[PDB]
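As structure tokens, the structure follows; a few thoughts come after it.
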Amino acid sequence: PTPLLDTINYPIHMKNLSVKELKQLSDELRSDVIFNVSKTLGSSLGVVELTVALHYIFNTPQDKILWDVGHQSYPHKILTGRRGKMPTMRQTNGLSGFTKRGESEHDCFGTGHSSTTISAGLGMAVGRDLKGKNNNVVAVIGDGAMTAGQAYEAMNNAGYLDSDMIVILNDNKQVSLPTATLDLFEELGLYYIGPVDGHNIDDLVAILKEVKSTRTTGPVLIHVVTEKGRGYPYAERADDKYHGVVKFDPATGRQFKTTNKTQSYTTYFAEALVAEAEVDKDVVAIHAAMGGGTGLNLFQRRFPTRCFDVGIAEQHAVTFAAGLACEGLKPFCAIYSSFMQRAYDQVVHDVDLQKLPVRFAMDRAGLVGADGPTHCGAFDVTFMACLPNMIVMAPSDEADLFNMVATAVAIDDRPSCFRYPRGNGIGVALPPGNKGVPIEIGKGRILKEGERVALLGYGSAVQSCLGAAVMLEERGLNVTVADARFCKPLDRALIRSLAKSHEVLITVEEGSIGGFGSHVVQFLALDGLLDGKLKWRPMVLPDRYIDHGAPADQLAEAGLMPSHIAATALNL
Amino acid sequence: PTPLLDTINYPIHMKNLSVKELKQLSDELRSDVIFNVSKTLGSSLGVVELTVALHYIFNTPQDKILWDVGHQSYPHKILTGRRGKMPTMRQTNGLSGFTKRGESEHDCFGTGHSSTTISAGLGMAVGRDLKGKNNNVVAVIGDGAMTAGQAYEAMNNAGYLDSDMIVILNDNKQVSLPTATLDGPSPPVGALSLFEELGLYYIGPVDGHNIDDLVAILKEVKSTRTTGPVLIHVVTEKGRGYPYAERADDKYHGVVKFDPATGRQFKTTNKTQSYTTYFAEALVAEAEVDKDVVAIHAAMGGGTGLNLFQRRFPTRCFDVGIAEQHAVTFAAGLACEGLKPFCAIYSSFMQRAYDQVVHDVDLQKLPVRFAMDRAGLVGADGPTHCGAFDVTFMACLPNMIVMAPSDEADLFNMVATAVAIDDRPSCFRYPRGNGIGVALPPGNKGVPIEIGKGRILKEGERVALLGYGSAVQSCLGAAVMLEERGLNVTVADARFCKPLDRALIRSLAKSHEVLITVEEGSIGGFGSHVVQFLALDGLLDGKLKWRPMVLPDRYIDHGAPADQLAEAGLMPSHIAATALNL
């Protein structure tokens with residue numbers, strides 16, 4: 001089916017094609033990408049031709065092709081000797097769902113988060129020039145990634161430093177976020193070439209040949225125009241869906257309706273928020289690029305006058321919420337915890353200094369699994385929690401999430417963060433939450449009795465704690481499990497009470513071991529409860545970035561999953 | 001001549017003094033500056049006319065005049081009732097040297113970081129529109145603020161949403177906006193200031209000092225009759241109407257004490273050997289012998305000290321403009337290509353690049369060094385500029401080594417290790433302030449240090465004061481007496497916050513009745529790490545009596561670092577009070 005690609009293990013092999021074969025090769029690549037994604041598309045498909053043209057033209061890994069986000073670089077990987085590893089792309093122990101510098105020499109940059117390619121490529125371009133080297137730099141940034149500030153300033157500087165580099169604007173007219181499986185410029189003083197057919201491969205080859213070496217005059221933006229999902233009609237027709245398509249039949253487009261087959265924390269936040277804004281005209285939702293993936297599609301439909309896609313500009317989303325909140329709105333930045341890091345300062349400075357009524361509904365909090373280390377949102381519990389007046393929450397379920405939403409909208413005290421994972425609300429065997437009644441902010445909830453050992457933890461981590469303590473449920477609840485559904489402030493009182501009465505605690509968070517665990521320990525230290533009588537066992541994400549997997553795999557290896565909490569509890 | 005503007009008390013009063021009265025107001029402002037100097041600049045002067053025009057045209061605080069960074073808004077504050085509080089601006093318990101929403105109704109936003117005004121004013125514009133309100137929104141943003149991504153994306157979105165709102169692109173010379181904690185920012189290439197693709201109304205460039213024209217422009221754009229977002233490129237000499245400031249907007253950015261009559265200033269403050277100078281000196285020294293070394297700064301070249309570095313190693317110096325995100329990911333790209341890029345940047349501004357550190361650098365463990373100036377309390381630039389968070393936010397980032405040199409020697413050693421340690425990133429956090437100038441490499445300030453390994457600086461086994469940088473100086477100063485008291489209370493240069501000296505922590509932890517940690521950071525940083533390490537070293541009963549003596553989890557208003565530190569209870573006196581509490 002793919003005779004060209006069968007003889008392509010690398011960009012050299014592609015160059016052994018003729019330009020004419022590249023159209024054939026791209027169809028093959030798209031059919032490979034289709035198949036790769038068929039298991040459970042649009043960005044990579046939309047990028048095939050330019051990937052092909054770039055690897056036909058450019059001499060990676062000598063030349064540097066940087067893929068903003070790297071989600072569209074499936075053909076790039078395929079064409080860089082990772083074709084047969086596409087099957088395990090993003091899978092645990094497999095390749096990344098992005099270009100990953102550690103994965104491939106052809107991966108110039110370790111992307112996931114967007115808009116970095118320009119800056120990275122600028123870095124490379126300068127860094128080459130500094131070393132007196134002379135290889136190309138190419139970035140491929142999506143139009144979505146171009147909306148980001150770091151893209152734009154990077155271009156400002158790229159076009160200020162005037163180095164060899166070829167930005168490609170891959171305009172399929174899609175804001176496409178960072179994720180690893182499931183997702184002119186006049187004043188920049190940059191050459192601008194396009195828009196062009198981002199699927200006329202031979203033309204992209206021709207352009208790329210003729211632009212990459214203009215470089216003595218400085219950088220070029222090659223605006224190409226793609227079709228997201230290109231060469232998969234269904235993906236072309238429904239790029240938003242198909243971009244992160246589930247298991248689909250390449251024959252029919254028909255896919256597994258995971259979204260509907262579940263109910264996500266996105267959905268819950270979305271439902272809670274679309275519910276909230278009905279009764280609250282100050283409520284305004286803001287997503288950076290993620291009306292879909294923070295679930296706000298219905299919100300955007302229902303409250304279009306209160307919905308703000310900033311594109312992939314989390315900083316924007318947050319400081320725009322700061323501005324909304326400054327005008328006495330109740331702006332809610334829907335965003336992932338991984339992307340909240342982009343807005344970090346905007347939280348700190350733009351919001352929290354003035355203790356603004358910015359709520360943050362924080363998806364993908366902790367380990368996102370598949371989206372790997374670029375997208376593991378394990379750090380918000382740390383970084384948000386060091387910000388004065390950033391209240392931080394983690395709902396155990398949609399009820400708590402709503403309550404949390406409902407408090408933050410109602411509490412103009414200061415901003416509130418609500419962190420909840422990529423996934424769906426599991427609350428069957430494990431105790432979930434209330435029903436939709438605003439709780440006391442900062443006040444945890446014991447969900448299991450016990451005074452020997454207390455498993456302070458929240459959201460995904462409380463599911464783990466409760467899961468760990470399941471047997472303790474059945475055994476007179478020796479091990480308490482507290483919904484430490486407030487990371488900021490902590491339930492200092494509950495902490496104090498458990499920590500003064502328990503031989504030990506376990507803290508658990510789907511976060512790095514600088515977050516909640518460190519807060520609990522901080523608070524205990526402040527309470528002087530960190531005597532040798534007291535112990536505390538932080539069972540969390542380690543201080544190592546977490547390569548793509550299942551969250552369960554990663555959490556298991558991190559040792560916060562029920563088994564590992566239980567192993568801690570056996571160590572206790 | 002105070003009188004005229006002295007009898008002026010409200011925006012209405014200012015409006016009452018219009019044509020052939022603006023000049024008198026300017027003279028009064030100059031006189032006020034002189035009076036402020038006698039007992040006890042550059043953008044504020046450069047922005048007088050725009051501020052005047054904006055307050056003349058716009059009915060703040062009903063209308064919203066936002067000031068990107070907020071530093072240039074001295075006339076704004078002056079003209080919004082804080083004229084007699086300019087004397088106490090940036091002073092402890094006084095007003096912010098930036099617009100601060102909690103300071104004034106007229107401060108529509110709380111700035112000090114750059115590039116926020118657009119996003120903020122967009123938020124205000126939307127928020128108005130959503131509330132069915134109809135007040136003007138205007139932001140004044142410098143071009144230097146404009147170079148930032150957050151500016152640019154916000155404008156991208158501003159022009160996407162097409163709400164009524166106004167951006168006054170300030171700074172024709174394109175000179176970096178005057179950051180209260182940064183210094184000679186003039187070699188910055190921040191000149192984004194054009195917006196066709198932003199779909200924003202664009203007007204100007206206009207004389208940003210022709211006030212009556214600014215008023216005229218402002219009337220005809222920032223009426224409620226104007227739909228959608230407008231950029232008013234004004235053209236504003238930084239230092240305008242102060243010749244010396246106009247001549248040296250780099251210096252008069254943030255001029256020291258000076259005589260209005262003569263421009264003569266106390267270069268003295270800057271004549272101190274700063275941590276900027278040490279980093280700069282170390283780095284300019286390092287890059288001589290290291291061609292992988294590339295310094296990067298986000299428009300802070302003066303106050304990261306890199307003016308000499310840019311001079312000596314222009315081929316390795318990268319002002320990215322006010323684009324810390326850019327600096328860090330660009331350093332990630334340099335670092336990817338096997339450089340040893342060093343993002344010189346302030347800890348407050350490093351927060352901008354936070355993700356870029358996390359994602360762009362640390363996930364690939366890139367050789368991005370960070371020379372984090374303004375670490376901890378910067379003092380008088382207050383909560384918008386206190387870099388007390390790096391010790392927290394960086395320290396949760398896998399493989400982000402974090403240091404704090406106790407002096408230039410340690411800073412060099414630190415620099416010299418991170419350059420050598422090109423398998424990972426390293427942050428070096430040192431305050432706004434001064435230390436000791438060491439000899440160049442001829443005197444071998446390239447002392448080798450073991451990264452991650454603290455240094456006991458004072459003996460003691462009763463109490464151990466783990467601290468670094470400003471906080472070690474506090475610990476050692478706390479332990480001044482302890483020293484004269486048979487050295488009961490050790491002080492450890494906890495000069496590594498990541499990794500900690502787990503071994504030393506452990507060894508002090510298990511031997512001392514008590515610890516103190518001390519950091520010129522929030523009580524989420526070093527202290528939280530120590531206690532996290534003690535937690536994990538419950539193997540060795542890290543369950544000592546620990547005292548985190550640090551910046552509270554409260555944003556700190558502009559003051560002296562020492563005032564703020566004292567109030568934060570990390571200063572020597574407070575550590576000693578802690579030591580008595582131990």
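Starting from 1 in every chain, residues are counted up; chains themselves are A, B, ... following the order of the structure tokens, and ligands are numbered from 1 as listed.
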
In stretch 245-487 of chain B, DSSP strand (DSSP E) residues written as a ChimeraX atom specification:
/B:293-297,317-319,340-346,369-373,401-403,426-429,455-458,463-467

Saved selection, atoms kept: N, CA, C and O atoms, as a compact mmCIF listing (two decimals), in the first residue's frame:
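The resulting file, selection_32.txt, is shown below:
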```txt
# COMPACT_ATOMS: atom_id res chain seq x y z
N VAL B 293 28.42 29.51 25.94
CA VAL B 293 27.75 30.53 26.71
C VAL B 293 27.17 31.56 25.79
O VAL B 293 27.88 32.16 24.99
N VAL B 294 25.92 31.81 26.05
CA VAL B 294 25.09 32.78 25.41
C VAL B 294 24.25 33.27 26.57
O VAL B 294 23.57 32.53 27.26
N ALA B 295 24.32 34.56 26.82
CA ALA B 295 23.41 35.21 27.73
C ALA B 295 22.20 35.71 26.95
O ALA B 295 22.28 36.11 25.80
N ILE B 296 21.06 35.64 27.62
CA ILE B 296 19.77 36.02 27.20
C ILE B 296 19.17 36.78 28.32
O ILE B 296 19.22 36.37 29.47
N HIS B 297 18.48 37.87 27.99
CA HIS B 297 17.67 38.58 28.95
C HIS B 297 16.44 39.10 28.28
O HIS B 297 16.42 39.29 27.06
N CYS B 317 24.74 37.69 23.22
CA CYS B 317 23.80 38.42 24.05
C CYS B 317 22.50 38.50 23.27
O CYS B 317 22.52 38.81 22.09
N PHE B 318 21.40 38.22 23.96
CA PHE B 318 20.10 38.20 23.40
C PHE B 318 19.14 38.82 24.34
O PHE B 318 18.55 38.16 25.20
N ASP B 319 18.95 40.09 24.12
CA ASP B 319 17.75 40.70 24.55
C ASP B 319 16.62 40.16 23.67
O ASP B 319 16.67 40.22 22.43
N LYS B 340 25.17 26.78 26.04
CA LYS B 340 25.03 26.94 27.45
C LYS B 340 24.38 28.29 27.67
O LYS B 340 25.04 29.24 28.14
N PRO B 341 23.09 28.39 27.31
CA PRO B 341 22.41 29.63 27.40
C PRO B 341 21.95 29.88 28.80
O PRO B 341 21.49 29.01 29.52
N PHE B 342 22.04 31.16 29.12
CA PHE B 342 21.90 31.67 30.43
C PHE B 342 20.89 32.79 30.32
O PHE B 342 21.20 33.86 29.82
N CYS B 343 19.73 32.49 30.83
CA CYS B 343 18.63 33.39 30.91
C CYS B 343 18.84 34.20 32.15
O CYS B 343 18.56 33.77 33.27
N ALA B 344 19.37 35.38 31.95
CA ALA B 344 19.44 36.41 32.93
C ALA B 344 18.11 37.13 32.93
O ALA B 344 17.63 37.53 31.90
N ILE B 345 17.54 37.28 34.09
CA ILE B 345 16.14 37.52 34.27
C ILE B 345 15.93 37.65 35.74
O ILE B 345 16.73 37.19 36.52
N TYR B 346 14.83 38.30 36.09
CA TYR B 346 14.56 38.49 37.48
C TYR B 346 13.63 37.39 37.88
O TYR B 346 12.84 36.93 37.06
N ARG B 369 20.76 27.70 31.90
CA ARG B 369 21.07 28.31 33.13
C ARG B 369 20.15 29.48 33.27
O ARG B 369 19.79 30.09 32.27
N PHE B 370 19.81 29.82 34.49
CA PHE B 370 19.02 30.96 34.79
C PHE B 370 19.75 31.70 35.84
O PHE B 370 20.16 31.12 36.85
N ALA B 371 20.00 32.98 35.57
CA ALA B 371 20.65 33.86 36.47
C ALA B 371 19.60 34.82 36.90
O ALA B 371 19.24 35.78 36.21
N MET B 372 18.99 34.41 37.99
CA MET B 372 17.78 34.96 38.54
C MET B 372 18.16 36.08 39.46
O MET B 372 18.38 35.87 40.65
N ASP B 373 18.12 37.28 38.92
CA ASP B 373 18.28 38.49 39.66
C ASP B 373 17.00 38.74 40.45
O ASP B 373 16.04 38.00 40.28
N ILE B 401 17.73 22.42 38.76
CA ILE B 401 18.56 22.73 39.88
C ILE B 401 18.34 24.18 40.21
O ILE B 401 18.12 25.00 39.33
N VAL B 402 18.33 24.50 41.51
CA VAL B 402 18.16 25.82 42.06
C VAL B 402 19.24 26.02 43.07
O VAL B 402 19.49 25.23 43.97
N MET B 403 19.86 27.17 42.93
CA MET B 403 20.91 27.67 43.75
C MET B 403 20.57 29.05 44.19
O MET B 403 19.72 29.70 43.61
N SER B 426 19.90 24.93 35.52
CA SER B 426 20.33 25.40 36.83
C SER B 426 19.89 26.82 36.94
O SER B 426 20.20 27.65 36.11
N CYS B 427 19.25 27.11 38.04
CA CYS B 427 18.80 28.44 38.39
C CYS B 427 19.69 28.91 39.50
O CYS B 427 20.00 28.14 40.38
N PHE B 428 20.01 30.18 39.45
CA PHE B 428 20.90 30.87 40.36
C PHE B 428 20.20 32.11 40.77
O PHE B 428 20.10 33.06 40.01
N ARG B 429 19.74 32.08 42.01
CA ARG B 429 18.85 33.11 42.45
C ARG B 429 19.53 33.90 43.53
O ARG B 429 20.00 33.43 44.56
N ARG B 455 26.91 24.53 52.46
CA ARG B 455 28.13 24.85 53.13
C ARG B 455 27.76 25.43 54.44
O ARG B 455 27.17 26.50 54.51
N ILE B 456 28.12 24.72 55.50
CA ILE B 456 28.06 25.28 56.82
C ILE B 456 29.06 26.42 56.85
O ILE B 456 30.23 26.26 56.49
N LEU B 457 28.54 27.54 57.30
CA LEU B 457 29.23 28.79 57.45
C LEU B 457 29.47 29.15 58.90
O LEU B 457 30.26 30.06 59.16
N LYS B 458 28.78 28.52 59.83
CA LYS B 458 28.88 28.79 61.22
C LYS B 458 28.59 27.49 61.95
O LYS B 458 27.65 26.81 61.57
N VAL B 463 20.78 24.60 67.12
CA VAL B 463 19.88 25.03 66.06
C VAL B 463 20.68 25.16 64.80
O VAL B 463 21.84 25.57 64.89
N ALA B 464 20.09 24.80 63.65
CA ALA B 464 20.74 25.03 62.39
C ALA B 464 19.90 25.86 61.46
O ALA B 464 18.73 25.52 61.24
N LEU B 465 20.48 26.94 60.94
CA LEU B 465 19.81 27.95 60.15
C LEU B 465 20.25 27.71 58.77
O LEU B 465 21.35 28.07 58.38
N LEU B 466 19.36 27.09 58.04
CA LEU B 466 19.57 26.73 56.68
C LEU B 466 19.04 27.95 55.94
O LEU B 466 17.91 28.33 56.14
N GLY B 467 19.89 28.61 55.18
CA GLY B 467 19.46 29.74 54.38
C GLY B 467 20.52 30.12 53.38
O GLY B 467 21.62 29.61 53.40
```

Chain B near chain A within 6 Å: what's each residue's closest atom pair and its distance in Å to one decimal, counting only C-alpha atoms, ordered by chain then ascending residue number, as CSV?
```
residue,atom,partner,partner_atom,distance
B:119,CA,A:320,CA,4.6
B:120,CA,A:323,CA,3.8
B:121,CA,A:323,CA,5.8
B:123,CA,A:323,CA,3.8
B:124,CA,A:323,CA,4.6
B:127,CA,A:324,CA,4.7
B:147,CA,A:153,CA,5.7
B:148,CA,A:153,CA,5.3
B:149,CA,A:149,CA,3.2
B:150,CA,A:149,CA,4.8
B:152,CA,A:149,CA,5.6
B:153,CA,A:149,CA,4.5
B:154,CA,A:316,CA,5.5
B:157,CA,A:310,CA,5.8
B:194,CA,A:187,CA,5.0
B:320,CA,A:157,CA,5.7
B:325,CA,A:150,CA,6.0
B:326,CA,A:154,CA,5.5
B:329,CA,A:120,CA,5.4
B:330,CA,A:123,CA,4.1
B:331,CA,A:123,CA,5.7
B:332,CA,A:120,CA,5.9
B:333,CA,A:123,CA,3.7
B:334,CA,A:123,CA,4.0
B:337,CA,A:124,CA,5.4
B:351,CA,A:345,CA,4.8
B:352,CA,A:345,CA,4.8
B:355,CA,A:341,CA,4.7
B:359,CA,A:374,CA,5.7
B:384,CA,A:349,CA,5.9
B:393,CA,A:383,CA,4.9
B:396,CA,A:514,CA,5.3
B:398,CA,A:543,CA,4.7
B:524,CA,A:386,CA,5.2
B:528,CA,A:518,CA,5.6
B:532,CA,A:518,CA,5.6
B:543,CA,A:532,CA,4.7
B:553,CA,A:388,CA,4.7
B:554,CA,A:388,CA,4.8
```

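The smallest atom-to-atom distance between residue B:114 and any of B:44, B:176, B:262, B:2, using only C-alpha atoms, is found for B:176.
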
Looking only at the backbone, which of the residues in stretch 68-261 of chain B does DSSP tag as helix (DSSP H, G or I), as a PyMOL selection string?
chain B and resi 74-88+117-130+143-146+149-161+211-219+243-247

Using only C-alpha atoms: which of A:359, A:435, A:364, A:39 has the shortest distance to residue A:410:
A:359

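For residue A:362, the residues within 7 Å (counting only C-alpha atoms, excluding itself and residues fewer than 4 positions away along the chain) are residues 334, 335, 336, 337, 417, 418, 419 and 420 of chain A.
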
Just to be explicit: take each residue in the selection above, keep N, CA, C and O atoms, and write the result as a PDB file, in the first residue's frame.
```
ATOM      1  N   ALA A 334     -10.865  28.354  32.281  1.00  0.00           N
ATOM      2  CA  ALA A 334     -10.775  26.966  31.927  1.00  0.00           C
ATOM      3  C   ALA A 334      -9.548  26.750  31.098  1.00  0.00           C
ATOM      4  O   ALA A 334      -9.314  27.386  30.083  1.00  0.00           O
ATOM      5  N   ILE A 335      -8.772  25.780  31.520  1.00  0.00           N
ATOM      6  CA  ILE A 335      -7.420  25.613  31.124  1.00  0.00           C
ATOM      7  C   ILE A 335      -6.989  24.345  31.761  1.00  0.00           C
ATOM      8  O   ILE A 335      -7.594  23.878  32.709  1.00  0.00           O
ATOM      9  N   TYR A 336      -5.912  23.796  31.233  1.00  0.00           N
ATOM     10  CA  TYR A 336      -5.375  22.601  31.823  1.00  0.00           C
ATOM     11  C   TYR A 336      -4.289  23.006  32.758  1.00  0.00           C
ATOM     12  O   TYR A 336      -3.689  24.058  32.593  1.00  0.00           O
ATOM     13  N   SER A 337      -3.957  22.165  33.696  1.00  0.00           N
ATOM     14  CA  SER A 337      -2.978  22.484  34.705  1.00  0.00           C
ATOM     15  C   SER A 337      -1.613  22.651  34.031  1.00  0.00           C
ATOM     16  O   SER A 337      -0.862  23.564  34.393  1.00  0.00           O
ATOM     17  N   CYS A 417      -8.541  28.166  42.326  1.00  0.00           N
ATOM     18  CA  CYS A 417      -8.135  27.173  41.363  1.00  0.00           C
ATOM     19  C   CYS A 417      -8.818  25.894  41.762  1.00  0.00           C
ATOM     20  O   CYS A 417      -8.913  25.621  42.941  1.00  0.00           O
ATOM     21  N   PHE A 418      -9.254  25.153  40.751  1.00  0.00           N
ATOM     22  CA  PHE A 418     -10.006  23.951  40.881  1.00  0.00           C
ATOM     23  C   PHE A 418      -9.434  22.965  39.960  1.00  0.00           C
ATOM     24  O   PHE A 418      -9.672  23.024  38.757  1.00  0.00           O
ATOM     25  N   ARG A 419      -8.694  22.014  40.488  1.00  0.00           N
ATOM     26  CA  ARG A 419      -7.870  21.132  39.702  1.00  0.00           C
ATOM     27  C   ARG A 419      -8.359  19.752  39.799  1.00  0.00           C
ATOM     28  O   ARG A 419      -8.538  19.137  40.845  1.00  0.00           O
ATOM     29  N   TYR A 420      -8.551  19.241  38.609  1.00  0.00           N
ATOM     30  CA  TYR A 420      -9.188  18.008  38.373  1.00  0.00           C
ATOM     31  C   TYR A 420      -8.620  17.469  37.105  1.00  0.00           C
ATOM     32  O   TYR A 420      -8.215  18.217  36.209  1.00  0.00           O
TER      33      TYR A 420
END
```

Residue contacts of stretch 11-19 of chain A (8 Å, only C-alpha atoms) excluding same-chain residues fewer than 5 positions away, as a PyMOL selection string
chain A and resi 4-5+52+55-57+59-60+79-80+201-202+205

For the residues in that selection, give me C-alpha atoms as a JSON list (two decimals), in the first residue's frame.
```json
[["chain", "number", "residue", "atom", "x", "y", "z"],
["A", 4, "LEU", "CA", 7.45, 4.73, -0.95],
["A", 5, "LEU", "CA", 7.15, 4.77, 2.80],
["A", 52, "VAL", "CA", 7.30, 15.50, 3.64],
["A", 55, "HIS", "CA", 12.21, 16.26, 5.10],
["A", 56, "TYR", "CA", 12.56, 16.15, 1.39],
["A", 57, "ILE", "CA", 14.18, 19.56, 1.37],
["A", 59, "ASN", "CA", 18.56, 17.44, 5.86],
["A", 60, "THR", "CA", 17.38, 16.58, 9.33],
["A", 79, "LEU", "CA", 9.64, 9.72, 7.96],
["A", 80, "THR", "CA", 12.32, 9.75, 10.67],
["A", 201, "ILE", "CA", 3.94, 19.02, -1.56],
["A", 202, "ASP", "CA", 5.99, 19.62, -4.61],
["A", 205, "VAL", "CA", 9.37, 21.40, -1.54]]
```

Would you mind listing what lies within 10 Å of residue B:540 as a PyMOL selection string, with only C-alpha atoms counted and same-chain residues fewer than 2 positions away left out?
(chain A and resi 532) or (chain B and resi 506-507+509-511+534-538+542-543)

Using only C-alpha atoms, which residues sit within 9 Å of residue A:93 once same-chain residues fewer than 2 positions away are excluded, as a PyMOL selection string?
chain A and resi 88-91+95-96+547-549
